[PDB]
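**Student:** no sequence on hand, only this structure:
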Ligand SMILES: [Zn+2]
């Protein structure tokens, strides 16, 4: 998974500018997780962190679950 | 006397809730409440009801307590909310009346001279009519018998107010049968009628067996009203009745045949049209 | 599975993922449904030799789509 | 934390019937009453029971929440064996739609003062036409949270299935001040059957026979309509290269009526001899 | 509880089962909601008569539809 890791962050970029700050952030939080499952690649999570902190309550639970 | 007692769905729902509330912790027999409603020419309309804290003892069948002031100020509150509701009786969930109920009915009569007690068997769900309305009567029994209190029965039925009607219909919304009926539900209605008639005849036969064996005393009256049942049999196989029955059966059968022919011709036309359409599509594909 | 067996983690995870109508955090459970699409060239106990093998793609190449 | 859209109010059948009956009774004037029950958990509001309160000239408002009546009824119902706590208040808006006005807003914050998770229930009695119960549940969102870049309620699940709300609430500022709570009526099996006992036909109705002199007239009428329909069907089919549906409906009516009458006749002939 | 149930999937360990059963008996809505999944995961395909018995005994005894 690590050596053959290749995720198109362009689609995540053009999605993260389309979210209107609805709850869909949580879905994005897991979507990249699916794109990064077992790849240990939180590059998007590190690069985009203010929006990562833009979500709280159970969204924080979801974000930590995605990171794990 | 009272000709009828029409019970709204609200009171039966309320007594269900009261019995569930009490028996959830206080495993006990009948729970007693008071039934309010509006009178008419002679027919009572039970509309709202409330629960009065009651206790009883199985010993001596007279150690009981139904609160007086509680009834009085529940009625005060209800009349303040709605003054059209008058005390018109009381209810208990016990399937059978107890030896105690005479005292409670007299206590209710103290609040309403024509007080009628409605037994609502919340626990059983069966053929129908979960409400039985009973009125206390007092007479010399005409034909020279020792006098007692006795609870004369008055017929009851379940009616509904428009708001209660829409409420209950929306409350079911998953098992309500079509009001148009259609063949399946008419046949099930006929089966239900047969089952109810069988159940009633079985109950009457059990009562007659009890009377004959001596376990119950011969009423000597009303029993001959059951004899009047026995005389009212139509006596089918009479020649005139048989001829008329066959005539009307054929009159209905010809209409049934005409409708069946109409349906068969319609189905044949539909099949011809469908075959033409599919052949048209097949030939137009090329 | 590869040998036609049923993969219990996959079915379990997809079930609890479909059970996301009532709980969003269960969505990550879908991770148990993924299986890597890999073949590993391990010959000895610890050796990964650079063995060269090709495919039989008839008309053209495929796989990794778009940038 | 913030409440969830998955939160729903469990209304008992008795409670709903009581509220609808009171709303109809008080029409055109607006009524109100407490909603006994228990919150049980964060995501549920169990409305076990509701009791009406005397109507006051001020209408649905805080001055019409007379504590003497409420306290006496509460303690005395608990004496009967009903020790619930107030979870909210229902009130009637005849011909207005399910929404909260400013006075309702004041009453709702007064209710939230003592019970944070109180629910304001709005019922339209006249609009509660047969087969349609217009009922809604609301709870206020203070301007502080929603202004400060915070969603009024987190959608932790997909229970936000609640359809697009009636536009009347939108004009009356539904989401601006009071988030609506999705509804879920709780019905037991005992109360379901004993509500079914309302329209249930008696056993004597199944074995009864329709008036024979009326059945013949009905057959004559419907068969004559079928004759006109057959003329129309012949004309339509011939001029082809809605008589059919009407003919099929008439046939269904005739067949069901005659078959049911015949079978009832046979059952009556065998049973009563 | 969710993590312990997921990680101990099908291990059939008595200690983890007992701890998750205590968590379910705590009756804390969300805590029980996760404890149900955890107890199912640890008992995954086990057919323990005790497990199913206790699970159903709590199932028709408790409120908090989320725990259901
Ligand atoms: Zn209002």
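**Tutor:** Arrived safely. Numbers count the residues shown, from 1 in each chain, chains lettered A, B, ... in the order given.
**Student:** can you give me the helices for chain E?
**Tutor:** For chain E, the helices defined by DSSP state H cover E:2-7, E:14-26, E:30-42, E:49-59.
**Student:** ugh, wrong one, I meant chain A
**Tutor:** Using DSSP H, the helices assigned to chain A run over residues A:9-16, A:24-35, A:43-47, A:58-67.
**Student:** measure residue E:32 to chain A for me?
**Tutor:** According to Cβ to the nearest Cβ, to the nearest Å, residue E:32 and chain A sit 16 Å apart. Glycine gets a C-beta too; all of them are placed from N, C-alpha and C.
**Student:** neighbours of that residue, how many?
**Tutor:** Other residues near residue E:32 come to 22 when the count uses other Cβ atoms under 10 Å in any protein chain shown.
**Student:** okay but it is in contact with residue E:67, surely?
**Tutor:** Yes - if you go by Cβ atoms under 8 Å, residue E:32 and residue E:67 touch, sitting 3.9 Å apart.
**Student:** show the contacting residues for residue B:113.
**Tutor:** Under the criterion of Cβ atoms under 8 Å, 6 or more residues apart in numbering or on different chains, residue B:113 has no contact partners.
**Student:** one more: the one 5 residues further on?
**Tutor:** With contact taken as Cβ under 8 Å, 6+ apart, residue B:118 is in contact with B:5, B:7, B:35, B:46, B:89-91, B:131-134, B:156.
**Student:** what does residue D:220 give?
**Tutor:** Here residue D:220 is in contact with no residue (Cβ under 8 Å, 6+ apart).
**Student:** chain A contacts on the stretch 101-250 of chain B?
**Tutor:** For the stretch 101-250 of chain B, the contact set with chain A under Cβ under 8 Å from any Cβ of the partner chain is empty.
**Student:** mind listing the helices for the stretch 101-250 of chain B?
**Tutor:** For the stretch 101-250 of chain B, applying DSSP state H, counting those that start in this stretch gives helices covering B:101-111, B:162-172, B:182-213, B:223-231, B:239-285.
**Student:** and the longest one with chain D, contact?
**Tutor:** If I follow you right, that is helix B:239-285. Yes - under the criterion of Cβ under 8 Å from any Cβ, chain D is reached by helix B:239-285 at B:245, B:248-249, B:251-253, B:255-256, B:258-260, B:262-263, B:266, B:269.
**Student:** what does the second one give?
**Tutor:** Yes - when contact is scored as Cβ under 8 Å from any Cβ, part of helix B:162-172 falls within range of chain D: B:162-172.
**Student:** how about the helices in the stretch 151-273 of chain D?
**Tutor:** D:167-171, D:174-177, D:189-196, D:203-207, D:212-238, D:243-271.
**Student:** list the buried residues of the fifth one.
**Tutor:** With burial defined by 16 or more other Cβ atoms under 10 Å in any protein chain shown, the residues of helix D:212-238 counted as buried are D:215, D:218-219, D:222, D:226, D:229-230, D:233.
**Student:** so residue D:265 touches residue B:249, yeah?
**Tutor:** Yes - using Cβ under 8 Å, residue D:265 is in contact with residue B:249, at 7.1 Å.
**Student:** give the buried residues for stretch D:113-127.
**Tutor:** D:118-127.
**Student:** repeat for stretch B:40-50
**Tutor:** Quick answer for stretch B:40-50 (16+ other Cβ under 10 Å): B:43-50.
**Student:** and for stretch E:25-36?
**Tutor:** Across stretch E:25-36, burial judged by 16+ other Cβ under 10 Å covers E:27, E:29-36.
**Student:** from those residues, which is closest to the ion?
**Tutor:** residue E:29 (31.8 Å; Cβ to the ion).
**Student:** sorry, back to before: got TSV for the contacts of residue B:118, with distance to residue B:145 too?
**Tutor:** Listed next are those as TSV, based on distance: Cβ to Cβ, whole Å:
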residue	distance to residue B:145
B:5	27
B:7	32
B:35	31
B:46	32
B:89	27
B:90	28
B:91	30
B:131	29
B:132	24
B:133	24
B:134	20
B:156	27
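**Student:** these: which two are farthest apart?
**Tutor:** Across those, the longest distance by Cβ to Cβ is 14.2 Å; it joins B:90 and B:156.
**Student:** these two: which is more packed in?
**Tutor:** residue B:90 (26 against 22).
**Student:** and the residues of helix B:239-285 next to chain D near chain C, which?
**Tutor:** Of these, not one also sits near chain C (Cβ under 8 Å from any Cβ).
**Student:** could I get the helices of the stretch 151-273 of chain D as CSV with distance to residue D:139?
**Tutor:** Output for the helices of the stretch 151-273 of chain D, formatted as CSV (distance: least, Cβ to Cβ, whole Å):
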stretch, distance to residue D:139
helix D:167-171, 14
helix D:174-177, 10
helix D:189-196, 27
helix D:203-207, 47
helix D:212-238, 56
helix D:243-271, 49
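**Student:** follow-up on the earlier one: can you pull the residues that touch both of residue E:32 and residue E:67?
**Tutor:** residue E:24.
**Student:** residue numbers of the stretch 1-150 of chain D in contact with chain C?
**Tutor:** Counting by Cβ under 8 Å from any Cβ, the residues of the stretch 1-150 of chain D that sit close to chain C are residue D:6.
**Student:** which residues in the stretch 1-150 of chain D form helices?
**Tutor:** D:13-26, D:67-80, D:102-114, D:143-147.
**Student:** residues contacting residue A:54?
**Tutor:** Neighbour list for residue A:54: A:21, A:25 [criterion: Cβ under 8 Å, 6+ apart].
**Student:** okay but residue D:90 is in contact with residue D:37, surely?
**Tutor:** No - taking contacts as Cβ under 8 Å, residue D:90 lies outside contact range of residue D:37: 11.5 Å.
**Student:** which of these two has more neighbours?
**Tutor:** Between residue D:90 and residue D:37, residue D:90 has the larger neighbour count (other Cβ under 10 Å), namely 28 against 24.
**Student:** how near is the closest residue to that one other than its chain neighbours to residue D:89?
**Tutor:** Sequence neighbours aside, residue D:121 is the residue nearest to residue D:90 in space, at 4.0 Å (criterion: Cβ to Cβ, 6 or more residues apart in numbering or on different chains). Counting by Cβ to Cβ, to the nearest Å, the gap from residue D:121 to residue D:89 is 7 Å.
**Student:** repeat for residue B:43
**Tutor:** The gap separating residue B:43 from residue D:89 is 36 Å, by Cβ to Cβ.
**Student:** how much space between residue D:175 and residue E:35?
**Tutor:** Using Cβ to Cβ, residue D:175 is found at 35 Å from residue E:35.
**Student:** residue B:44: what's it in contact with?
**Tutor:** Contacts for residue B:44 (Cβ under 8 Å, 6+ apart) come out as B:2, B:4-6, B:37-38, B:88-89, B:116, B:133.
**Student:** please identify which two of the residues you listed are farthest apart in space.
**Tutor:** The widest separation within those (Cβ to Cβ) is 15.1 Å, between B:38 and B:133.
**Student:** what about those two, which has more around it?
**Tutor:** More crowded of residue B:38 and residue B:133, by other Cβ under 10 Å: residue B:133, with 25 against 14.
**Student:** residues in contact with stretch E:30-39?
**Tutor:** Counting by Cβ under 8 Å, 6+ apart, C:16, C:23, C:26, D:42, E:1-2, E:4-6, E:17, E:20-21, E:23-24, E:26, E:51, E:55, E:62, E:64, E:66-67 sit against stretch E:30-39.
**Student:** let's see 6 Å
**Tutor:** E:1-2, E:4-5, E:20, E:23-24, E:66-67 (Cβ atoms under 6 Å, 6 or more residues apart in numbering or on different chains).
**Student:** narrow the contacts of residue B:118 to those in strands?
**Tutor:** Among the contacts of residue B:118, the residues falling in strands (DSSP state E) are B:5, B:7, B:35, B:46, B:89-91, B:131-134, B:156.
**Student:** for chain C, what is the nearest residue in the stretch 51-200 of chain D?
**Tutor:** Chain C sits closest to residue D:158 of the stretch 51-200 of chain D, with a gap of 4.2 Å, by Cβ to the nearest Cβ.
**Student:** and the gap between that residue and residue B:244?
**Tutor:** For residue D:158 relative to residue B:244 (Cβ to Cβ), the value is 66 Å.
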